[PDB]
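Student: After the structure tokens below, expect a handful of questions from me.
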Amino acid sequence: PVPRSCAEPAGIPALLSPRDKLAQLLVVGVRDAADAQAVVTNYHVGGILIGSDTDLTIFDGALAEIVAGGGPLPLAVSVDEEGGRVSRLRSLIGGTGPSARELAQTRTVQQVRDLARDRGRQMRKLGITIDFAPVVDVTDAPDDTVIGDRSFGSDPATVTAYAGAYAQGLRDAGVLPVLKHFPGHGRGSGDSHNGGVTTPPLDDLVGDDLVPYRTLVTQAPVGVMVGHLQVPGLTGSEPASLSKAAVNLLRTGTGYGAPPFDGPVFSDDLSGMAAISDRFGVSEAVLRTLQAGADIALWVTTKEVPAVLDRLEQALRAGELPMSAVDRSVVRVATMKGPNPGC
């Protein structure tokens, strides 16, 4: 029972208990209407994910009530909608369409902006507020590989032009675009989803994989998703999503030729991906990613939420996580969500 408020984002923390502040930083995948309604009513999570196993009849009237009942700001609703091989809402917004790789080869930059805006418009009518796209990974790997045709090209300038157009299209329609996967999955050693993955050395990334970010992180609003990527010279054997050194590079920008970034930062999926779940249980993974400076801890099921919040409250009392860090992220997510209607 968390009532809506007209307070400005910087002040939103004063309104909330510590448990509810923590809950604002969680985004979870849901099974259906009932699962989503229960997790929001009972635990007050900041958002939900329309994931691969989500029953899409949730859009038929259930969602608007679920959103209407949450507080103190509008519930976040997110989805994987890249097009081609990754298009959760294909049944509803006009099909998969072409892949990213196919787009950059067969349509202009402006036509790509057109398509993103139309698809984004249809997504916003359904209730979507966040799309985990565009991919800004750079690669020339085969179509069906883990990134493959999900990439706009093998050249950074090409990716900056086309991923930039896609993000602007979504932004045109009032949907938050999210660049992924920082600091570059395109030449990773494998698939994050069933094992540990390493990038080329940091120096190589700075001159190649990271170049699109230098200009795209400045075009607000925009989020950034950090991959489960081990980076030589930056993170050691820790995935980037759990590494404060990696998030700090994103925050400062200087080290790869970018201005600083103060927008919302998302972990990649913490539960369903072996790169994390081989080494960490869910509540420990959530603690780590918030310790790193991520604002949103993301995973694909609801059942872990009571345990996760218990562990995070423990971390607060034992000093494993300082309240200044929680408050700073709560302000970022309020800013992302925007004001309540009626204010």
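The first residue you see is number 1, and the count goes up from there.
For this deposited structure, the header notes the method as X-ray crystallography, 2.0 Å.
Cβ atoms are placed via backbone N, Cα and C, with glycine included.
Pulled these features from Swiss-Prot for this protein:
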{"type": "ACT_SITE", "residues": "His193", "note": "active site, proton donor/acceptor"}
{"type": "ACT_SITE", "residues": "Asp268", "note": "active site, nucleophile"}
{"type": "BINDING", "residues": "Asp80, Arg88, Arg150, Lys180, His181", "note": "substrate binding site"}
{"type": "SITE", "residues": "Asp191", "note": "site 'Important for catalytic activity'"}
Student: What count of other C-beta atoms do you get within 10 angstroms of the C-beta of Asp191 (site 'Important for catalytic activity'), across all chains shown?
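Tutor: So the Cβ neighbour count for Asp191 (site 'Important for catalytic activity') comes to 16.
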Student: Should any of the recorded positions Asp191, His193, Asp268 have a Cα within 10 Å of the Cα of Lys180 (substrate binding site), which are they?
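Tutor: Close recorded positions: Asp268.
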Student: Taking just the CA atoms, what is the gap between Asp80 (substrate binding site) and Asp268 (active site, nucleophile) in Å?
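Tutor: A Cα-Cα distance of 11 Å.
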Student: Cα-Cα separation of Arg150 (substrate binding site) and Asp191 (site 'Important for catalytic activity'), in Å?
Tutor: 13
Student: Across the record's substrate-binding residues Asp80, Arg88, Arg150, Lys180, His181, the largest CA-CA distance in angstrom?
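Tutor: Taking every pair among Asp80, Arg88, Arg150, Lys180, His181, the longest Cα gap is 19 Å.
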Student: How many Å separate the Cα atoms of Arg88 (substrate binding site) and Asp268 (active site, nucleophile)?
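Tutor: Distance (Cα to Cα, whole Å): 17 Å.
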Student: Can you grab the distance from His193 (active site, proton donor/acceptor) over to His181 (substrate binding site)? Cα atoms, rounded to a whole Å.
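Tutor: With the alpha carbons as reference points, the distance is 13 Å.
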Student: Measure from the CA atom of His181 (substrate binding site) to the CA atom of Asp191 (site 'Important for catalytic activity') and give the result in Å, rounded to a whole number.
Tutor: 12
Student: What does DSSP assign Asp191 (site 'Important for catalytic activity'), in three states?
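Tutor: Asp191 (site 'Important for catalytic activity') sits in coil per DSSP, no helix or strand.
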